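Just so you know, structure 1 and structure 2 below are the same protein chain in two forms, each on its own as structure tokens.
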Structure 1
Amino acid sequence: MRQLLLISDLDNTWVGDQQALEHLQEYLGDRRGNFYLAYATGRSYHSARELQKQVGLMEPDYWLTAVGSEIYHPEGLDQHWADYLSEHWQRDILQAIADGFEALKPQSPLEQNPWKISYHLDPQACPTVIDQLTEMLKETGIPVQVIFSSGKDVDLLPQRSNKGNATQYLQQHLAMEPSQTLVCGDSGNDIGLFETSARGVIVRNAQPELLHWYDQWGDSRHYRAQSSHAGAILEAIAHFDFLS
């Protein structure tokens, strides 16, 4: 029922340039009833909440955490989404395989959850290994997705997940159209957002992988901002003429 569904990652997209973050929240703060806000971050819910306290993030309507593997409504965790992602998902099997790659090191336990298996790629290892991993996991027949971002972060998620799928799920839930949705991202864990039919904005300080993606799949709904961080979101809002 609002004119805009604003979805954005936090670190180096919403957050990173304090001044830009502040004037972005000032502008939006003056028309808070005209849009739904959702943070689509790779961080866990607790880690996101912690960031909010550090930089003073404005309270969002929804939290799409751990790359969309968990969705938090004002009232709490979405159990429908969780059961949905649990169908045919085989965490143990996938983990056993991923654990077998010398080039991969598990991320801390606090970065893992039932629907997210994360690792770090060795800075000395050849990225092509990510391809070998993807192929090997897909062939198990388990609906799995491999998310590679910032040249080091690797997330194993159900196929039904990722920021984009969580976004579409949210859009349906709020009866918001893609034409009324704006996704903002900076890295490979945002590609899912741009595979969506919503309007999208790639921040100026975007990671190499996202830019490469844009070069190959960029469409007319995708905008490459001149501004970096929060500024790109204001720039995009003016570009797609949202909150007219």
Structure 2
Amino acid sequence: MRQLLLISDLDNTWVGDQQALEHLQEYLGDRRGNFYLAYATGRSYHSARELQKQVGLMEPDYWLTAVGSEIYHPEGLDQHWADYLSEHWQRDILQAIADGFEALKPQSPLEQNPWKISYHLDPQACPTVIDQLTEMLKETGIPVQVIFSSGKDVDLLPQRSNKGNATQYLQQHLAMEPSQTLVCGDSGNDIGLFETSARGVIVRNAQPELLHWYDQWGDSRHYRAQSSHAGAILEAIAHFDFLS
């Protein structure tokens, strides 16, 4: 219903260069009705809101949060995405099984949601505990994925849940064409975004994992910005002739 669907990662992409962030937001603010804006972050909705207060993030149309587990718009959680993630999802039994692992301790309630069961691995425990949990869960027909990061954090999420999938869902939901979509990212975790049928911008400060993906699979739709952080988004908007 608008000219552009702008989907951007937050940390180290939209955020990182405060001056550039302000320049980008002032520009977009004067043409607000011409594009849909979605922040796609690994942060929980609450954490994303805290970052908004921290750096003054402009209000987006959508928030793709918590490893794609929850999509929010100003009036609430998107129910179609929720139903999609709920299909064959069994949070109670998964939580009950994971709770049984002495080496796993539940993360704060702030990090939990209907489609995300999170834990902390005991620093004195062995990662094989995660192998055991993962193998056990694969012995079931439950579409769950186990994500172990930083050698301490454990997320149990629907297999359907991730940033790229949430982005693809949003794109079709809003009926926006690939040529009208622009994804922005910096890390290996943003590769899913770039697998979206859309134009994309890789910020200059991108992590090697994303750069290696770009060098091998990137095509005409993927712009290697000269500028870093938010500056790369302004650069890409001009490059792809958006909002002109």
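We call the rigid core whatever largest set of C-alpha positions still superposes within 1.5 Å between the two forms. Residue numbering: structure 1 sequence, from 1.
Please determine whether the C-alpha atom of residue 89 is displaced by 2 Å or more between the two structures following superposition on the rigid core.
Residue 89: C-alpha displaced by 2 Å or more between the two structures.
Quick one: once the rigid core is lined up, does residue 71 have its C-alpha move by 2 Å or more between the two structures?
Shift of 2 Å or more: no.
Is residue 101 displaced by at least 2 Å at its C-alpha between the two structures when the rigid core is overlaid?
It does, since the residue 101 C-alpha is displaced 2 Å or more between the two structures after the core fit.
Taking the rigid core as the frame, how far in Å does the Cα of residue 10 move between the two structures?
Between its two positions, the C-alpha of residue 10 lies 0.6 Å apart after core fitting.
Rigid core superposed, residue 138 Cα shift between the two structures in Å?
The alpha-carbon displacement, core-superposed, is 7.5 Å.
With both forms put on the same core, how far apart in Å are the CA positions of residue 165 between the two structures?
In the core superposition between the two structures, the C-alpha of residue 165 moves 1.2 Å.
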